[PDB]
Trainee: 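This is the structure I have questions about; it appears just below.
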Number of protein chains: 4
Amino acid sequence: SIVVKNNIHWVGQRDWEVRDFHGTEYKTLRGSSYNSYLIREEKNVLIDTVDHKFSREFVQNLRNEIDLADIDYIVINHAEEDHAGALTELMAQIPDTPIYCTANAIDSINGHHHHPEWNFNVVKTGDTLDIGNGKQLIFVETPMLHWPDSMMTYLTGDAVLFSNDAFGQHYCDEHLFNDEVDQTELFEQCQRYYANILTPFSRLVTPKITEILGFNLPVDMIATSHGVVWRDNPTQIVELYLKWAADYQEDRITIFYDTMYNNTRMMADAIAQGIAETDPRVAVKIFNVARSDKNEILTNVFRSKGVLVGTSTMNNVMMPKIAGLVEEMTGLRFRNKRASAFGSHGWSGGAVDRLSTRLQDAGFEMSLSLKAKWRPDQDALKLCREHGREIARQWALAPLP
Amino acid sequence: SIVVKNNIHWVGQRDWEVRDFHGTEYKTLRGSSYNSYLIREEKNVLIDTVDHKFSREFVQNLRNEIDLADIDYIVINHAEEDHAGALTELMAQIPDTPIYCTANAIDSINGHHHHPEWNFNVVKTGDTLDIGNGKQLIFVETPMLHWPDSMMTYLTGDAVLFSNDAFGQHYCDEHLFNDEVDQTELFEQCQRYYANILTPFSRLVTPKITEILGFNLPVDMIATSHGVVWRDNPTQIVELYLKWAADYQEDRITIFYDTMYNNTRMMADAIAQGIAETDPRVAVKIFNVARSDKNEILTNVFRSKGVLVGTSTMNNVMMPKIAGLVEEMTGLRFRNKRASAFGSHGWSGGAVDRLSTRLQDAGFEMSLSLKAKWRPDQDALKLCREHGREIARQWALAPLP
Amino acid sequence: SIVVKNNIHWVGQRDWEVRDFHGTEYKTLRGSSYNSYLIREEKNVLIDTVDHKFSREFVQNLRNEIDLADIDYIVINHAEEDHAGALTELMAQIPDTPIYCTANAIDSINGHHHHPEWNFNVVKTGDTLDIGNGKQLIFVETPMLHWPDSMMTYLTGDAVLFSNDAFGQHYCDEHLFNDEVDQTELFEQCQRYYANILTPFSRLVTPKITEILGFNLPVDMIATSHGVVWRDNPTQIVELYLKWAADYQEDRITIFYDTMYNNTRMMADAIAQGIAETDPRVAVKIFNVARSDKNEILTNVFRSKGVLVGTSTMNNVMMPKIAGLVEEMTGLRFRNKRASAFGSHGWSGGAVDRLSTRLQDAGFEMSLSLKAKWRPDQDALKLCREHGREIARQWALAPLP
Amino acid sequence: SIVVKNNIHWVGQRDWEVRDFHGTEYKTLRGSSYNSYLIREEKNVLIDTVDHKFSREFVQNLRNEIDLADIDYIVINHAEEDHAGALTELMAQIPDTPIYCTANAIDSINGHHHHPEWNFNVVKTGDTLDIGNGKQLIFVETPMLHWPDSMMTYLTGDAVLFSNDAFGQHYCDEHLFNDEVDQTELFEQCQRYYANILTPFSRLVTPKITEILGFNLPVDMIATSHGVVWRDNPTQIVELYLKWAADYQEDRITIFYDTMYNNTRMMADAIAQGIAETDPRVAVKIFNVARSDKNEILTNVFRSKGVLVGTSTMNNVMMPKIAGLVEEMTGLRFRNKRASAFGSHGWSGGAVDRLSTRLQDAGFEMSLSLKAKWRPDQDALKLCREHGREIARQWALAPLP
Ligand SMILES: Cc1cc2nc3c(=O)[nH]c(=O)nc-3n(C[C@H](O)[C@H](O)[C@H](O)COP(=O)(O)O)c2cc1C
Ligand SMILES: Cc1cc2nc3c(=O)[nH]c(=O)nc-3n(C[C@H](O)[C@H](O)[C@H](O)COP(=O)(O)O)c2cc1C
Ligand SMILES: Cc1cc2nc3c(=O)[nH]c(=O)nc-3n(C[C@H](O)[C@H](O)[C@H](O)COP(=O)(O)O)c2cc1C
Ligand SMILES: Cc1cc2nc3c(=O)[nH]c(=O)nc-3n(C[C@H](O)[C@H](O)[C@H](O)COP(=O)(O)O)c2cc1C
């Protein structure tokens, strides 16, 4: 365990190996951690547990820190298995210990663990739990940030906000605090996390942050459930969330596609040339969905004012990976972004139109599509280049030079 | 080169390494070959070339076999790059040599190679090309089997049907003939090929095979563009195609899903138990789409009377890989198959309904869906098991015992 | 559960999803199963458990079959985590239940579970455990088949041999019995299993099978810990093992390599052509280690009379995947096989000699190496074909048509 | 094309899709680019070409820039296929055009292209080629930076150093210049490139840079063959190379391993905790070789003062991915680094000693090994932490807070 501050001890679990989250839908290329905290005042409080894969290690490590029977209260901010996975093994040892969680968390905890006989204490925003020595816990309901059961727990005096998923990131390091790690890696993982997980809930991010700030509670540290503890200028991640939540976009265009014989790839490259030579303010990234990190594509879409999506026609429909990526974008609910579909076809085409409709379904404001037959010759590539010019002009954030 | 028979020489290219066809949408786990043939009678005829990646080797090997200027005619059955990819390099050496192909092949050859000045000779079904010594080529148009430009070429006397893609398979072996290879591996690759490529065109398979047989041409060998030359009971692959084309199905049910915390996986296993214990005639295969070979899933769907598809709800939509796989199935146009959607959800669900609608869009006759909240307990698993029983009873090919 | 025979019930766990065994060193492409058996005579005996990943499922399912308190004896044939992984969870409920295992299994069970207070009973070959109704278990020690702790348990009367890993295979199917599954798929997984796991212990297979046969005990079924139960002609797998154990080899040559610019790949193909045109009886397989299933390469090596391994020189050493695969072959201890190293270099070479030396270290009888500079031109490729010709003549099993 | 400076035009090819270099031994996670330059003075000079995969594109684009007949001289700094791969296609159009290259480049060009009839001009350091308008090319031989054939070309007046691989990096972007791209991304690819490619030639980097600097030639730009053109403070990359070449190391320890049941992984984590609590100045990274980017592991090794490598014993040898990675490190010749081997075993062990020996063979100064049997219990993990503590004290760069 690690001292977070005073009587707050980190009793979580680092995960250098992990690479597949959400099945295989979130690649954790820098590992992750599962942060669990033990507060030792007059009362002893455990905040969250760890992923089920480390349940045995978690309960044994916890014994190294405290006699389990000495734990007074357990707080579950969030019952996803990566944080409450060890709960069944823990409760087998101390089954009478009360659990403090949201009403919705009873449904989610019971849904996974099947132990309704546990002693649940429903908490609502503003409820308090005294732990002695003049300190108390204050609970803050954060439904759909990102689960119905989500909440945060604030510890007065020490002024630590146990935010669970919010403001966390999948980043593994032997050091605990944000000022102790590589900042580039840290920000990259922070943005990757928000873009791929929290984008659809952005409309709830700002009001809740506003509400929390309206409590006028000081914040010395933000102890999340993944990654570093924010202790140095800790609200920096809060301000990022405020910016990221406001339908964030940079002067940036992401192009991604799938291709069978590189024809659609040739179009993507000509589009990018037309953009770069018409508006030099636009950052352009190109990804082949079959040969790229999907979560990186989505982070870039999150950062872009618009996207172009490419597919060849295969059996009158679109390339399956493109269909899958468009389905996922439909659930992420990107806002205020523009899109254009393109691709090569052999005869009757149709996939590009299909894709354009579904990009519209996903919430993109659609510009005209670009289609080419077989391999584009020099004349076809000029048309693709002019498409990039036209898109660059249409999507300019300000007058072009 | 290898003697196929008499004056027919194999001048193709084996590809032990290749694994990605159609981008990454067809995994060639046993490699492939690109079959090209050189007939040396009074005239010298080249049938097809090879994939563009071996163009240099192809033209050099060809020089080892014949003075290029001695090639009289070139036949292009099919202008996909894996067979006509070497054409530009060849025509750079002998640009006056005539090319015999379908009208549509002019569009597809020009579309890839950009050399309209080449000397094209459009052929239609029944056209002949004399090559001396009493032998002649007979051309057979096979549009949309599998491309608009597809055709076959028959060589009289030798009675060899140069079928190009039709009846081929992605299978690499140093030996040339079907009787010289492992039969299990051969059939597996044959069926994998038809299921993943030719299923949507099955309605065209039977009439064309009927038409060809109506020509009363004897067949000693079928020399395809991929894999073995059929010489021993060569029409065995034709009969398979007749069976595979007739909305083929065995008493078989395929279950595939994606899952984030194994809840949908637990449902899939309980469904399978209910099936196996209610109808012992049904073969059952289960695949996690994120951890399985996609082309194998589709071969099994091709072999099944019905499928169950599982997804958890992620941001109100389905798992992206499931959306992608359903998009692909929509283009393969499976016929006379039944389907049922299932999956686990945290609160409001919706993905299962979404998936069921899209499976209906893909052409499956839908049975009721199965939904469970969080991790199924013993009562929920019984419901999943009974779902398997009900499906097994509904989908029974005959009365159950 | 499933009735195996009389009062023997299968209470194991099927694993349709598993792909990675031995870390990632054994790919289970058709899943696997962890077979556990509950015998219900006068005494109730549990034979092995399941993989740790399903311990919670295993205990609950076992509860559905019997009150855990009514379990009299627990038999652990083998303490690897895929069979004893659920033991800690089970013993937490019935900590007084005796465990019967080899002396080495006490060290392996405690090594994983850390519960030496458990009630262990050491058994030696010939020891018996009466379970009533005239039936008894007879234990047979099989150390290093494949672990020091390994043993088999025989049930008189029912004449069922619980063999644990021996005679098993990684193959998942809803049906339990060998006569109910696809035979080629079954055989493929059986041979893949022996080749990649039991090859180095082949010298122990024959004597142990002879010893067991010497007991003159009837065998109606062989109940393994992975895959089907052998009930129809169960000796068939025992005969395969006798064949596979006698330094097995077919008239077959496996060629595998790694390459950076395909120069070594060109050599591999030319070698294969020289083999195929010199001895047509030889089956040849070629694999690029960087793009192939490693366990399939090793299965072919197991089936082969000799191998050719190729590597280019990279920084004066061999390519790492070749080094790694040669390391693994050194541990498998293939016997009575021949080998020849080859590859391309830019200047100093040396990696081929390095490889040839390590192939000798791994147990192969070495033929001359084959080297080429940069890309082999037509003259160099002839040398490669001639090398193939010379290898076929050297390694001919019969005098050469 | 893009204007680099004055009459220097970039006529290369961006590669957004590429992921596999050196076969698959170098993953280009941000793509790459193949930089070719066309200088248009009185004489027209082409500097290098592009990867063979884009030779057709390269020649056609080059046609769009200039009539190929007007190309006077072709300079080949380096004949690796990613730069000279389009040479055969280009020389088929202008076969009389002289090629300027090192003597070793004649052997490497002919080695790949097989056209010795081409008009080669051997150049040595200090040789000049006048191109008119008072400007001339000056050649600098850089053998084994990184190939025997490698050289650099300097253009007086414009003061542009065409460095080919040296100072380059695999990084694709629509913008050409270093001051126009993301800096952290740029740096990351630069260091990844040096660590995985140029480390073994570090002893040649400093003397060659000193020699070039001794020429007192102004350098306004460094035009490499991969990635950006260095125009803003171009010496910055030259200084990095001087630092990276001096047996570079930070206060950093890299731990990587492979594991079958996570026992060795548990040791790695405990070791890291012992390090972090003994010397907090040390950066620690931990990687599972079977689930990590190998090139990232090697970049960290390059940055590290020492490594710990872990393996379990499998069939008396080490796990193959560890053997392969140790083979690769032997060729990279890391200098002034320390190492310690560790891992878990079931009985006889031996793989740890084997690994320790080979880590010495690879150039690491070896500390004591660390071994554990089966899964480390609390007592064994303490030994692991203490091993970490002892390693940190041994390897401390400063006396230890
Ligand atoms: C398996 C397959 C199916 C195809 N189906 C269609 C189709 O349904 N409609 C169409 O217009 N073209 C179809 N084509 C042609 C491709 O769209 C055409 O080759 C296109 O130029 C490829 O683009 P790409 O290189 O970007 O993948 C198909 C091609 C293949 C290989
Ligand atoms: C990132 C994420 C998003 C989710 N979105 C929804 C949702 O939109 N609606 C819902 O009912 N459940 C949602 N859930 C809950 C899952 O559907 C629930 O955990 C389910 O039991 C998981 O099924 P599985 O283990 O088969 O993947 C979400 C879960 C995660 C991790
Ligand atoms: C990164 C790298 C390192 C190399 N190191 C050596 C070497 O140490 N000695 C040598 O003779 N050739 C070396 N070469 C040259 C290769 O061995 C040569 O290009 C060979 O023809 C490639 O064979 P392949 O295409 O089968 O991979 C090296 C090439 C590369 C790309
Ligand atoms: C296939 C296999 C082969 C093994 N061979 C040996 C061996 O030769 N010597 C030994 O001491 N242990 C051997 N073991 C035991 C492992 O070394 C032991 O289980 C170790 O604790 C696993 O470490 P890990 O979890 O880090 O992979 C073997 C285990 C397996 C699964």
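Every chain is numbered from 1, with letters handed out A, B, ... down the list of sequences.
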Trainee: Could you look at C:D258 and say if it's the side chain, the backbone, both or neither that has a heavy atom under 4.5 Å from chain D?
Mentor: side chain
Trainee: Under 4.5 Å heavy-atom distance to chain D, tell me which part of C:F21 shows up: side chain, backbone, both or neither.
Mentor: neither
Trainee: Hey, are the side chains of C:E327 and D:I322 touching, using non-hydrogen atoms and a 4.5 Å cut-off?
Mentor: no
Trainee: Would you check if C:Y261 and D:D82 make a side-chain contact, meaning some heavy-atom pair closer than 4.5 Å?
Mentor: yes
Trainee: Please report the shortest heavy-atom distance between C:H114 and D:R375, naming the atom on each side.
Mentor: CE1-O, 3.0 Å
Trainee: Specify the closest pair of heavy atoms between D:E25 and C:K321, including all atoms of both residues, with the distance to one decimal.
Mentor: OE2-NZ, 2.7 Å
Trainee: List the steps and the verdict of side chain to side chain donor-acceptor pair (under 3.5 Å) for D:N110 and C:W374.
Mentor: CA-CA 9 Å; D:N110 286 333; C:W374 303 119; over 6 Å; no
Trainee: Between C:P200 and D:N315, what is the shortest heavy-atom contact and its length?
Mentor: CG-OD1, 4.1 Å
Trainee: Of the backbone (N, CA, C, O) and the side chain (C-beta and beyond), which part of C:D20 lies under 4.5 Å from a heavy atom of chain D, both, or neither?
Mentor: side chain
Trainee: Mind checking whether C:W147 and D:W347 have parallel, tilted or perpendicular rings, split at 30° and 60°?
Mentor: perpendicular
Trainee: Quick one: what part of C:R291 sits under 4.5 Å from any heavy atom of chain D, side chain, backbone, both or neither?
Mentor: side chain
Trainee: Please report the closest heavy-atom contact between D:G324 and C:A323, naming both atoms and the distance.
Mentor: CA-CB, 4.2 Å
Trainee: Atom OH of C:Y26 and atom CE of D:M314: how far apart are they, to the nearest 0.5 Å?
Mentor: 10.5 Å
Trainee: With rounding to the nearest 0.5 Å, note down the distance linking CE in C:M319 to CD in D:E328.
Mentor: 8.0 Å
Trainee: Below 4.5 Å from any heavy atom of chain D, which atoms of C:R265 appear? Answer side chain, backbone, both or neither.
Mentor: neither
Trainee: Taking all atoms of both residues into account, what is the closest heavy-atom pair of C:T24 and D:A290, and its distance?
Mentor: OG1-CB, 3.8 Å
Trainee: Against chain D, work out which of C:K294, C:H146, C:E81, C:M260 has the most heavy-atom pairs shorter than 4.5 Å and name it.
Mentor: C:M260
Trainee: Among C:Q378, C:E80, C:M329, who wins on heavy-atom pairs under 4.5 Å with chain D?
Mentor: C:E80
Trainee: Heavy-atom distance under 4.5 Å to chain D: side chain of C:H52, backbone, both or neither?
Mentor: neither
Trainee: Taking every non-hydrogen pair under 4.5 Å, which of C:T330, C:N288, C:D377, C:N316 racks up the most with chain D?
Mentor: C:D377
Trainee: A quick test of your reading: do over 12 heavy atoms of other residues, nucleotides or ligands sit less than 6.0 Å from CZ of D:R333?
Mentor: no
Trainee: Below 4.5 Å from any heavy atom of chain D, which atoms of C:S108 appear? Answer side chain, backbone, both or neither.
Mentor: both
